[PDB]
Amino acid sequence: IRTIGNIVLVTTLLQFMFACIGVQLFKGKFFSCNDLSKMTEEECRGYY
Amino acid sequence: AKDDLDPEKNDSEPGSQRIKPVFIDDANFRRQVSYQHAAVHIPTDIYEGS
């Protein structure tokens with residue numbers, strides 16, 4: 001773990017960059033309701 | 001209607017406030033009834049408080 005510098009650097013830069021692209025694409029979009037009828041948090045109240 | 005009438009429950013959903021009524025027993029209705037107000041039936045999959 002001492003002869004991997006330039007390559008790991010390129011790789012950890014990649015991971016980070018993709019993480020950012022992911023945050024820009026899926027930020028606040030991984031929420032859902034129990035019954036996939038309600039699309040809002042206000043909607044998913046009560047019982048089904 | 002269709003809610004526990006036990007006083008110690010106290011669910012108190014937002015927007016709404018319930019009534020504990022007194023429920024005399026009756027004839028012409030073969031069930032206990034209250035003549036001071038009307039009950040409300042909400043169906044089950046419908047949320048109340050919407």
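Just so it is clear: chains get the letters A, B, ... in the order the sequence lines come, proteins before strands, and each one is counted from 1.
- When side chains are defined from C-beta on, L25(A) does not count as touching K27(A), because their heavy atoms never get closer than 4.5 Å.
- The backbone N or O of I7(A) lies less than 3.5 Å from a partner atom in the side chain of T11(A), making a donor-acceptor pair.
- The distance from the CZ atom of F31(A) to the SG atom of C33(A) is 13.0 Å, given to the nearest 0.5 Å.
- Counting only heavy atoms from C-beta outward, the side chains of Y47(B) and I42(B) never approach each other to under 4.5 Å.
- Both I24(B) and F29(B) belong to a common hydrophobic cluster when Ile, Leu, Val, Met, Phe, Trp and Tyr are linked at side-chain heavy-atom distances under 4.5 angstrom.
- For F16(A), the CZ atom counts as loosely surrounded, since its 6.0 Å shell holds 12 or fewer non-hydrogen atoms of other residues, nucleotides or ligands.
- One finds the NZ atom of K9(B) at 3.5 Å from the CG atom of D4(B) (value rounded to the nearest 0.5 Å).
- To the nearest 0.5 angstrom, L9(A) atom CG is 11.5 Å from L14(A) atom CG.
- Side-chain contact between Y48(A) and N34(A) is present, with at least one heavy-atom pair separated by less than 4.5 Å.
- For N6(A), the CG atom is loosely surrounded, since the number of other residues' heavy atoms within 6.0 Å does not exceed 12.
- Expressed to the nearest 0.5 Å, how far CG of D45(B) lies from OH of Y47(A) amounts to 13.5 Å.
- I1(A) is not connected to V10(A) by any chain of hydrophobic side-chain contacts under 4.5 Å among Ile, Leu, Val, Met, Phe, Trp and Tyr, and they are in different clusters.
- Taking the side chain as every heavy atom from C-beta outward, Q36(B) and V22(B) approach each other to under 4.5 Å.
- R31(B) has its side chain out of reach of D26(B): every pair of non-hydrogen atoms, C-beta onward, lies at least 4.5 Å apart.
- Side-chain contact between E48(B) and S16(B): absent, with no pair of heavy atoms (C-beta onward) separated by less than 4.5 Å.
- Using a 4.5 Å heavy-atom threshold, the side chains of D3(B) and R18(B) count as touching.
- Taking 4.0 Å as the cut-off between side-chain N and carboxylate O, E8(B) and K20(B) do not count as a salt-bridged pair.
- Summarising the geometry of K38(A) relative to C44(A), their closest heavy-atom pair is CB-SG, 3.4 Å, with the distance given to 0.1 Å.
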- Item | Residue pair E42(A), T40(A): steps toward the side-chain hydrogen bond (donor to acceptor under 3.5 Å, both in side chains) verdict | CA-CA 5 Å; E42(A) 197 189 35; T40(A) 292; over 6 Å; no

